[PDB]
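When reading the values below, keep in mind they use all heavy atoms of this one structure, side chains included, and skip hydrogens, waters and symmetry mates. Note that ligands are numbered from 1 as they come in the structure, with each ligand's atoms numbered from 1 the same way. Start at 1 with the first residue, then count along the sequence.
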Amino acid sequence: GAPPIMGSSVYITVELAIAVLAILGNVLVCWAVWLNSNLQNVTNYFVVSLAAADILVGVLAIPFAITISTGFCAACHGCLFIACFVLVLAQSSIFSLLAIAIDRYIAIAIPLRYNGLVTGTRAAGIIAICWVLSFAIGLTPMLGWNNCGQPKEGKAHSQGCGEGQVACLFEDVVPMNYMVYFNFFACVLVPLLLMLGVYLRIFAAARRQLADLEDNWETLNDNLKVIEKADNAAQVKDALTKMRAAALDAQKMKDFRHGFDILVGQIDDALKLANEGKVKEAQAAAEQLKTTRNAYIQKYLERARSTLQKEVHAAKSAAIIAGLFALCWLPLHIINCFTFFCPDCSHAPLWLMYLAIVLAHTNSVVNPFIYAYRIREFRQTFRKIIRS
Ligand SMILES: CC(C)CCC[C@@H](C)[C@H]1CC[C@H]2[C@@H]3CC=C4C[C@@H](O)CC[C@]4(C)[C@H]3CC[C@]12C
Ligand SMILES: CC(C)CCC[C@@H](C)[C@H]1CC[C@H]2[C@@H]3CC=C4C[C@@H](O)CC[C@]4(C)[C@H]3CC[C@]12C
Ligand SMILES: CC(C)CCC[C@@H](C)[C@H]1CC[C@H]2[C@@H]3CC=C4C[C@@H](O)CC[C@]4(C)[C@H]3CC[C@]12C
Ligand SMILES: CCCCCCCC/C=C/CCCCCCCC(=O)OCC(O)CO
Ligand SMILES: CCCCCCCC/C=C\CCCCCCCC(=O)OCC(O)CO
Ligand SMILES: Cc1cc(-c2nnc(N)nc2-c2ccc(F)cc2)cc(Cl)n1
Ligand SMILES: CCCCCCCC/C=C\CCCCCCCC(=O)O
Ligand SMILES: CCCCCCCC/C=C\CCCCCCCC(=O)O
Ligand code: NA
């Protein structure tokens, strides 16, 4: 049995390196949002809340984790707090991630009423509520759901602990049924699955709207060919009526409105000629629609397409951060499931526990890099902060 301080040294050194990185990177995130007005929106307010949680991981949770690794003597409820505080930060992260997903869904599903529904004031209140709920959920063991009533007295005595004191170890004070059923299944897995559902609805909404834009564009060009090859005024009329409906459907801001004002008007002119039985005159009038199409309508099509592709890209960036949270925290939770559900299985080795802990902590480092590589406004703001 090699000296415990050696393996501890590696684990502690790595934890400290992660702490420094988690603090520096996320302070940079908060600083960027503070300085740049272009980054000051509801979505990034939840980003800041998420960054704040990761800063507290470096400042508090990792020092707590280092202290716990020693198994030092402590009052059981004191040990409980140290042990549970990371649950608060993880829970807060989950709420922030869920809020970001919902915010992006609202932005893509109902953009016309997004600004009136999703404000900074309401977002601030939501963030406040979610932090309170995170403390409630994370510190639930301090409300009585703990193992302090049945301390490991043999372990405490061997370490020379005083009366009322226990060897401070996570699994000795935090019940595994809490960790598996309440924390993991209810408070982590269900919100993550809800998140997945939201992002599925986001991407499906994007795909449908991009399809609708193309269908309108196709309806516009197809009916133009119909009018040109028509032989009677009735055929011209039917094609124009479908165009007028498609034009108004695509219409649903000054150069934009004027472009469609021309289009609908030109359709009405051709429609009037069509209802008079003047086929040739109707077709010639309908030919003018191509000029409006190339000068105005096509420009609106590409810009609308460009805006949706940007929303898709932004939603993907947010989903990546959500996925990374899951990837980093799932090993710890899975290990707890094995410990809990399979008492006939040997406990996961200490080195693997340390690795799972380090991995969870690394998640507090990765987000600033995702923002830098995927979000131009962040990356450019980061450069300005660092250079100056
Ligand atoms: C505002 C921020 C910076 C304050 C941080 C306060 C932290 C460091 C304090 C608050 C409560 C404290 C714990 C309260 C009770 C005990 C029981 C004792 O037997 C060992 C120490 C221990 C486990 C303390 C460790 C440090 C602790 C977690
Ligand atoms: C989320 C992604 C990365 C998947 C994570 C899978 C990891 C967490 C899984 C895969 C295989 C698993 C191990 C398979 C077998 C055992 C032996 C048992 O006596 C204790 C648990 C232990 C040691 C498991 C711990 C968790 C484990 C390491
Ligand atoms: C987010 C997605 C991946 C769902 C999470 C899957 C989790 C809940 C699954 C994946 C693998 C599962 C484990 C696989 C094998 C065993 C060994 C058995 O003796 C007891 C149950 C136990 C320990 C399972 C518990 C639940 C488990 C950890
Ligand atoms: C916009 C900024 C957001 C900032 C807003 C953040 C507010 C966080 C404070 C929570 C205190 C309430 C937590 C309640 C959970 C109770 C469990 C508990 O405290 O028990 C410990 C104990 O004394 C057993 O001895
Ligand atoms: C600028 C940011 C603000 C600063 C944020 C604060 C940083 C907290 C640091 C360490 C927490 C570790 C505390 C635990 C130390 C306990 C060891 C101990 O108590 O040992 C006595 C004992 O009874 C065993 O015998
Ligand atoms: C101080 C500490 C303890 C644990 C820990 N140590 N042992 C066991 N069995 N589970 C957990 C743990 C697992 C999932 C979770 F969300 C929080 C803590 C994990 C982290 Cl990141 N920090
Ligand atoms: C920016 C402020 C951050 C605060 C710095 C914290 C750094 C210290 C890290 C870990 C302290 C661990 C204390 C070890 C517990 C005592 C071991 C024992 O009693 O056997
Ligand atoms: C750990 C379980 C937590 C228990 C939750 C029950 C208490 C919180 C319930 C609802 C929080 C809703 C916050 C609403 C604030 C009012 C906003 C307003 O006045 O406009
Ligand atoms: Na986090």
Side-chain angles (χ1 to χ4, degrees), residues 11 15 18 22 45-46 48-49 52-53 56-57 60-71 75-96 120-146 148 168-176 178-185 187-193 195-196 322-323 325-348 350 352-364:
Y11 167 70
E15 288 276 66
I18 294 170
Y45 297 155
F46 290 108
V48 168
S49 180
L56 292 177
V57 168
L60 292 179
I62 288 181
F64 286 180
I66 292 170
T67 311
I68 290 181
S69 72
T70 69
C76 190
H77 294 269
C79 173
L80 251 190
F81 178 79
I82 296 272
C84 291
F85 185 66
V86 70
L87 303 172
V88 181
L89 302 184
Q91 199 59 44
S92 177
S93 298
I94 288 172
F95 286 140
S96 292
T121 301
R122 296 171 183 176
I126 291 174
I127 292 176
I129 293 172
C130 290
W131 271 101
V132 170
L133 291 178
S134 297
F135 272 91
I137 289 175
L139 303 187
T140 282
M142 302 189 68
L143 303 183
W145 197 351
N146 58 66
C148 291
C168 191
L169 299 167
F170 191 95
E171 290 189 29
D172 284 355
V173 294
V174 184
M176 197 58 79
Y178 165 85
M179 285 304 293
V180 171
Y181 290 139
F182 192 93
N183 190 261
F184 183 37
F185 286 176
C187 295
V188 172
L189 190 47
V190 168
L192 285 177
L193 290 178
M195 276 184 233
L196 177 62
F325 181 92
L327 180 64
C328 289
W329 281 98
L330 274 177
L332 272 173
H333 289 298
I334 290 178
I335 290 169
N336 283 342
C337 289
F338 272 94
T339 300
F340 185 67
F341 290 119
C342 190
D344 295 332
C345 297
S346 292
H347 197 289
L350 183 59
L352 182 63
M353 302 300 307
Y354 284 163
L355 184 60
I357 290 174
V358 164
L359 173 61
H361 286 157
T362 304
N363 184 70
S364 296

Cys342 and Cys345 SG atoms under 2.5 angstrom apart: yes

Nearest neighbour of atom 15 (C) of ligand 4 from the list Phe135, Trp131, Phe81, on a heavy-atom basis: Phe135

Of the listed options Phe338, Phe341, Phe340, closest to atom 16 (C) of ligand 3 (non-hydrogen atoms): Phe338

Closest approach of any protein heavy atom to atom 18 (C) of ligand 4, naming residue and atom: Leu139 CD1, 4.2 Å

Protein heavy atom at shortest distance from atom 28 (C) of ligand 3: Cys337 CB, 3.7 Å

Side chain to side chain contact (heavy atoms under 4.5 Å, CB included) partners for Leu352, two or more places apart: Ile335, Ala348, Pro349, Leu355

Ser69: partners by side chain to side chain contact (heavy atoms under 4.5 Å, CB included), with sequence neighbours left out: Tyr11, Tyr354

Side chains of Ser49 and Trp131, donor plus acceptor under 3.5 Å: yes

Verdict with supporting geometry, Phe95 and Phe46, ring pair (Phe, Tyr, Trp, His ring centres under 6.0 Å): CA-CA 9 Å; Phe95 286 140; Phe46 290 108; over 10 Å; no

Atoms in ligand 3 flagged as close to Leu189, the criterion being non-hydrogen separation under 4.0 Å: 1 (C)

Residue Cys342 vicinity, atoms of ligand 3 by number, heavy atom under 4.0 Å: 19 (O)

Heavy-atom gap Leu192 to ligand 3 smaller than 4.0 Å: no

All side chain to side chain donor-acceptor pair (under 3.5 Å) counterparts of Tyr45, not counting sequence neighbours: none

Side chain to side chain, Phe185 and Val180, heavy atoms closer than 4.5 Å: yes

Are there any N/O pairs under 3.5 Å between ligand 6 and the protein, and if so, what are their distances?
unit_1   : atom_1 : unit_2 : atom_2 : d
ligand 6 : 9 (N)  : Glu171 : OE2    : 2.8
ligand 6 : 9 (N)  : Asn336 : OD1    : 2.8
ligand 6 : 10 (N) : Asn336 : ND2    : 3.4

Atom 21 (C) of ligand 3 touched by protein heavy atom at under 4.0 Å: yes

